[PDB]
Every structure is written in structure tokens, then in C-alpha cells.
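Chemist: Sequence first, structure after; it's an experimental one.
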Amino acid sequence: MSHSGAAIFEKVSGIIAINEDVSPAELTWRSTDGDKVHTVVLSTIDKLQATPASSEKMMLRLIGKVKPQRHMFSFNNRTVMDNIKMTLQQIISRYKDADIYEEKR
Amino acid sequence: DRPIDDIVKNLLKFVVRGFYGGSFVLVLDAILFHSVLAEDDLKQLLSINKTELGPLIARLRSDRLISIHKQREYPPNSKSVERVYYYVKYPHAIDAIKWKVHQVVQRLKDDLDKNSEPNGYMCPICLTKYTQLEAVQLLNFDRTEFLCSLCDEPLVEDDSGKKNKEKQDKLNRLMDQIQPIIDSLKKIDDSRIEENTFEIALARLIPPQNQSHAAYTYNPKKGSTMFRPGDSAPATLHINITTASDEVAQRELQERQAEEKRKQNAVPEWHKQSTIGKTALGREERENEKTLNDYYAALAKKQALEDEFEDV
Amino acid sequence: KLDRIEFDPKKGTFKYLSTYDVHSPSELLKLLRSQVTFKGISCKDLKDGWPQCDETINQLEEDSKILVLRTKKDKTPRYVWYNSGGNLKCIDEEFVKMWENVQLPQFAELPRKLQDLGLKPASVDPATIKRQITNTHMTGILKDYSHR
Amino acid sequence: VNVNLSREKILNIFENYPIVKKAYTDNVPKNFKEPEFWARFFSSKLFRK
Ligand SMILES: [Zn+2]
């Protein structure tokens, strides 16, 4: 209950899941009927934008490093949104560390 | 999640499948497979008309196996309309189930006890039941037959004299049939369940449809003191690997810090030397290596969207 | 070019492709299980491409393997769902009537009643829930370090 | 929070613990890079144990 949840992508309701077993970890979103499927490699993400907790809107956006690619998601429950955000924070942070080390060396 | 949640779900599934008809299973199963479910979505999931859905929801609501939640919604493109959501409040359903199971068992036990008492009497004409005590005082002068009051007619002995065993069989069957419910309740009592709410249920939501009109979000009105009945319920780690070059670099930084550290306590120059005589104040190896390598090689050879946002 | 037609390059043949490729109770059972949502599969489409469906569906209904929605004009199978629970029929009609007869008390009083009988109530009364100067030439340099 | 590591310390960890080396040789480099492994290792419960 910390790697899956309901989310809305491009005005389409679906289930958002975090797949960490396969390296690199990628964010996969699937529609309820399975017609639409979206996959994003977390290694390409540069920053993680999230709406403030003081606003009724509950969007979470990931921006890819370079017309940079932008992925936006909307959730339903703040607890689900926060739980996904905390997990995503760990993945993005580690990949950023690897990028710094790779360029540093 | 938690093992208890499955136990509660299993108890609900058995109760609905046994003590209710067929369509009831479909409605409750859909609302158990998913979290809070909009009425419109529920209709199309089961493809049953609104009129048929009414009896199912109403009876389930009456037994408190399903809870209701109405909130005002403001679609960006259409006039506001009130939406109805259905979910399961486990404390409510378990509480209702526990009482009903006890009542049914108690009723049979009381009925079984009642059948063990004398039969009684009744009047065929006025269909008025008379107890043994009441019939004794209405007998005739000859004291041969009981007489009715309204009709003044002989009474007839009542039935149920042969049911002493039938009711015992009825109680025996129900206890054996209802075994899984008690076993589930026993495990439920051992654990502690948290009361569910419309917002809480949304955490486990599985969207029913692709473009459902109903917004499965709970945006409570800002700072509202109104209270409705039955609507309230009870850091990053980075690691840097230091090599030999970095180790000496850290030593140089530490040495610089030590040099600056003493300065804050170092005495000034005025303080050091007595200043009375001064003025006033104011106003090639590489080639040798290659031949060695060639020579040693010979030796080896020889030897071998603009919205407010924050950065998280 | 159509989607409901299947081509066979081995013999150069066109076949009537069906929405659901099920021709056995095992295939139907797994298809219902694989569903990610509780949207039943139409029996109108299930019948197409399969000679008999009512006979197979009826047997599964007796076995309590699937849930079947039947019409009202006459018993005819419609949209079906996988049975995640136990036996569909496990309570005698004489006890269902008794369950119908029993009427629950007011919810605000039900938890109290169970405690009287010695049964632990998994609920609480909603009424018990409680809601819960000089030197002005430093206009903004002075930070309020009131507490430590 | 930052933690400093050195190759001499890295070798010491392998020598004093064979489980860490076992999960290091069969993973680095096949799926990801060494720096992520140690950050992954420290955040794991194996390091705590
Ligand atoms: Zn009479």
C-alpha cells in the first residue's frame, strides 16, 4: 500500500504503480480498461513538483531533464499522494546522486 | 495491508451470499472490490436499472452493511449537482451482524422453550387463543368441556404438541450452518478495527470507469463548523567516496580551518608591540623508463499548464 | 482490415474471430478472474462463437464457481462475475426469513445494547466523539529570537 | 546527511563481512553502479543488523 494507488493521467482514471524490482526503477500508469498505458523511466526525471498541501488540488508532476518532457499526475487521497511522493522522493534523490558522481568522475 | 481486513471482508461476503438474494451479492461485492463507489458507476458495473438498484441499496442501507455519503460537487463545465457514494463501514456492519446473529439464535431458543410449554386452547369461531389458566375459569357448569366467552362454544385443543423435536432440529441446523460467522467474529474481537470514512476509503480506491463523471475526491469545505449526523468517526542520505586525492584535499581544508580557528583568539598588533614611537591615528626519465621497459621486456623474452508548485 | 476476422496464412483462410476466445469452463473461469474491475462480461457476446453457454453457465452456478445475473422474464444468464466468496447457497430459506424479521435498534443505542448482553461492541456512540520603541533605523534587520 | 567512505574502508567492510561482498560482486556492475549500491546498502536493514 506504498507502491500502488489510484491516479488520473490526461483526464483518464487509472492505477499508478512504482516498479522498483527492474533496474532502473520506472513509474508505470495503466488505465482501468487497459486501453491506455504510460511508462516513465525515473532516471530521466530531474525535479519532482507537487502541489502545496494548503490547496484543494492534488497534482504531482515529474519533469525530465533535457522543450523538456513533462509528466503530470493527479491523485484522489492526500495519504495516497503523500505515500507515493515519499517513495518517489527516495528514487529521484538516489538517481540524482548517481548523476552527480558520474559527472564528477 | 492487514490480515484482519481480509477476515472482515470474508465475513461480509459470507453474510451477503447466504442471508441475501443474488443481486445483493453483486452490489456488495462491487463495493467491496472497490472503495467508495459512485451510484452512476455502480449502475453500469452491474448493468442494472436504477429502479432495480433501489431495493438492493435500500435494504443494505437498512442493515447498515453499506454507508452513504452525499457531498456537493462543482464540475468545471456543468452546474453543481449532489453526488452519492457508497462504501462499507466495518464497525457498523460488524456491529449490525453481531446483533442480528444473536437475535436469530435467541428467537429460536425462546421459540424452542415456548414449544415445550403446554399447548393451550382456541375457539374455532372467534379464533381467540386461550391459555390453560384462562380456559380453566371459562368451563361450563357440568365441568365437561371448556366454553368460549364471546361464542359460548366448546373450545379446541391447540397444535404444536409434536414440534418439540422439529424446533430442536431447526436450532441444530442453524448453529452448524452459521459456524463460519462465529469463527470470523471470534478473530475479529481479538484484533482491533479502525472505523472507515469516505476520505479514508478513498485511499484504497480502484477507479471503476475510464472517464467517470463523479469526482472521487473529498474536498471538505474550508473551516466549516457544521456537523452532520453519522458523518464523524473516531530525510535523505548521500554518500561521497573519498579517494587519496580527496583525502589530502580534506586535510588541506581541515588545516585551513585550524589556521582560521586560532585567529579569533589571536592578539592584535597594537596589543603585541608597545606603540609609543609611531605616528598618530586618523585621516629524461621517460626515455630511461622506456629503455628499461624494453630491456626488461627483452629479459622476459630472453628468460622465457501553469499552477502553483513547490520543489520537493 | 477488420478486427473481428482472423487470417490463416497456412491455408489462406479467414475465420470469424470472437471477442472472447473461450470454449471450456476452465477458460471462462480464468477470464473472469483476470478482470481488473467488477464489470461483468456480457453473455450476449459470450454466446457468439460458442454453441452452448447456458448449459455450462448453469453448471457453474450450481457449483458456486461464478455469479450470474439472470433476467426477470425468464431464467436466462446475463453478465456474470467471478465468485470470490464461498458457496453461493448456504442458508436455508427458513433462516433467511428470520434474518429479515430481525430489525436492528437505533445505531446510537446499539453499542450499549451489546455490552448489556456481554458481546463486545465494535463501535462507539457518535455523541462520544469530540471535535478537535527606539532605534527604528533598522527597519527589518532585527529578527525575533524571542525563545533561544 | 553525508557519510564519507574510502577504498581502504571499503575493503575492510568486505573482509569483516562476507554477506556484503556476496551481494556486491553479483550485482556491481550488472544492474547499476557501485555508488548506488552503498547508498542502497546503508539505507537497507542489512546494514542496521
Ligand atoms: Zn369464541
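Modeler: Now that the structure is in, tell me what you want to look at. Numbering: from 1, shown residues only, chains lettered A, B, ... in the order given.
Chemist: Chain neighbours aside, what residue packs nearest to the residue positioned nearest the centre of chain B?
Modeler: By Cα atoms, centre = their mean, chain B has its centre lying nearest to residue B:196, at 4.9 Å. Leaving aside its sequence neighbours, residue B:196 sits nearest to residue B:89 (Cβ to Cβ, 6 or more residues apart in numbering or on different chains; 5.0 Å). C-beta: built from backbone N, CA, C; applies to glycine.
Chemist: residues contacting the one you found?
Modeler: B:64, B:67, B:195, B:196, B:197, B:233 (Cβ atoms under 8 Å, 6 or more residues apart in numbering or on different chains).
Chemist: show me where chain D has strands.
Modeler: Remark: strands assigned in chain D by DSSP state E are D:2-5.
Chemist: can you pull the buried residues of whichever strand or helix holds residue B:184?
Modeler: Element membership for residue B:184 (DSSP states H and E) is helix B:179-190. Using 16 or more other Cβ atoms under 10 Å in any protein chain shown as the test for burial, helix B:179-190 gives B:181, B:184, B:185, B:188.
Chemist: got a list of contacts for stretch C:23-37?
Modeler: With Cβ under 8 Å, 6+ apart as the criterion, stretch C:23-37 contacts A:32-34, B:33-34, B:45, B:206, B:208, C:20-22, C:41, C:46, C:50, C:56, C:59-60, C:65-66, C:80-82.
Chemist: Tell me who's in contact with the residue minimising distance to the centre of chain C.
Modeler: Closest residue to the average C-alpha location of chain C: residue C:38 at 5.2 Å, with Cα atoms, centre = their mean. Counting by Cβ under 8 Å, 6+ apart, residue C:38 touches B:29, B:30, B:33, B:34, B:45, B:46, B:208, C:81.
Chemist: Mind picking the one among the buried residues of helix B:179-190 that's closest to residue B:52?
Modeler: Nearest to residue B:52 among the buried residues of helix B:179-190, counting by Cβ to Cβ, is residue B:181 at 27.9 Å.
Chemist: Against residue B:98, how distant is that closest one?
Modeler: 9 Å (Cβ to Cβ, to the nearest Å).
Chemist: picking that back up, using JSON lines, lay out the contacts of residue B:89 together with secondary structure.
Modeler: Output for those, formatted as JSON lines (DSSP: H, G, I helix; E, B strand; the rest coil):
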{"residue": "B:64", "secondary structure": "coil"}
{"residue": "B:67", "secondary structure": "strand"}
{"residue": "B:195", "secondary structure": "coil"}
{"residue": "B:196", "secondary structure": "coil"}
{"residue": "B:197", "secondary structure": "coil"}
{"residue": "B:233", "secondary structure": "coil"}
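Chemist: For ChimeraX, what selects the buried ones among the residues you listed?
Modeler: Restricted to buried positions by 16+ other Cβ under 10 Å, the ChimeraX selection for the contacts of residue B:89 reads:
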select /B:64,67,195,196,197,233
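Chemist: residues in the stretch 1-150 of chain B within reach of chain A, list them.
Modeler: residue B:1 (Cβ under 8 Å from any Cβ of the partner chain).
Chemist: Do I have it right that residue B:9 meets residue B:29?
Modeler: No. Residue B:9 lies out of contact with residue B:29 (Cβ atoms under 8 Å); the separation is 9.9 Å.
Chemist: who has more neighbours, these two?
Modeler: residue B:29 (24 against 18; other Cβ atoms under 10 Å in any protein chain shown).
Chemist: would you say that one is within a helix?
Modeler: Yes. Counting by three-state DSSP, residue B:29 falls inside a helix.
Chemist: show me what contacts it?
Modeler: B:13, B:16, C:38, C:67, C:81, C:84, C:85.
Chemist: hmm, 7 Å instead?
Modeler: C:38, C:81, C:84 (Cβ atoms under 7 Å, 6 or more residues apart in numbering or on different chains).
Chemist: need the residues you listed in TSV with distance to residue A:51, can you?
Modeler: Output for the contacts of residue B:29, formatted as TSV (distance: Cβ to Cβ, whole Å):
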residue	distance to residue A:51
C:38	31
C:81	37
C:84	37
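Chemist: closest to residue B:273 among those residues?
Modeler: residue C:38 (92.9 Å).
Chemist: quick one: terminal-to-terminal distance for stretch B:53-71?
Modeler: When the termini of stretch B:53-71 are compared using Cα to Cα, to the nearest Å, they are 20 Å apart.
Chemist: what's the spacing between the closest residue to chain B within chain A and the ion?
Modeler: As assessed by Cβ to the nearest Cβ, chain B sits closest to residue A:13 within chain A, at 3.7 Å. Per Cβ to the ion, to the nearest Å, residue A:13 is found 70 Å from the ion.
Chemist: what's the burial count for residue 94?
Modeler: This is for chain A. 21.
Chemist: Switch to chain C, please.
Modeler: The burial count for residue C:94: 10, using other Cβ under 10 Å.
Chemist: And residue B:207, by the same measure?
Modeler: By other Cβ under 10 Å, neighbour count at residue B:207 equals 24.
Chemist: Now do the SS call for it.
Modeler: Per three-state DSSP, residue B:207 ends up coil.
Chemist: That one against residue A:13, yeah?
Modeler: Yes. With contacts counted by Cβ atoms under 7 Å, residue B:207 reaches residue A:13, the gap being 3.7 Å.
Chemist: Next, show the common contact partners of these two.
Modeler: Common neighbours of residue B:207 and residue A:13 (Cβ under 7 Å, 6+ apart) are residue A:32.
Chemist: circling back to that earlier point, just put the contacts of residue B:89 in TSV and tack on distance to the ion.
Modeler: Shown next, in TSV, are the contacts of residue B:89 (distance: Cβ to the ion, whole Å):
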residue	distance to the ion
B:64	44
B:67	51
B:195	56
B:196	57
B:197	59
B:233	57
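Chemist: where along chain C do the helices fall?
Modeler: Taking DSSP state H as the test, the helices found in chain C are C:25-34, C:43-47, C:54-63, C:93-101, C:110-117.
Chemist: angle of the first one against helix C:54-63?
Modeler: Inter-element angle recorded for helix C:25-34 and helix C:54-63: 70 degrees (by axes from the mean of the first three to the mean of the last three Cα atoms, to 10 degrees).
Chemist: what does the last one give?
Modeler: Angle, helix C:110-117 to helix C:54-63, by the same axes, to 10 degrees: 50 degrees.
Chemist: could you show me where the strands are in the chain, in order?
Modeler: Using chain A here. Using DSSP E, strands in chain A cover A:4-9, A:12-19, A:26-31, A:37-41, A:45-50, A:59-64, A:70-75.
Chemist: sorry, should have said chain C
Modeler: Under DSSP E, chain C gives strands at C:5-8, C:13-16, C:66-70, C:77-82.
Chemist: Burial check on the residue nearest to residue C:19 when sequence neighbours are not counted, number of neighbours?
Modeler: Closest residue to residue C:19 apart from its sequence neighbours, by Cβ to Cβ, 6+ apart: residue C:45 at 4.9 Å. Other residues lying near residue C:45 total 13 when counted by other Cβ under 10 Å.
Chemist: quick one, what contacts residue C:55?
Modeler: Counting by Cβ under 7 Å, 6+ apart, residue C:55 has no contacts.
Chemist: What separation do you get for it and residue C:61?
Modeler: Residue C:55 is 11 Å from residue C:61, by Cβ to Cβ.
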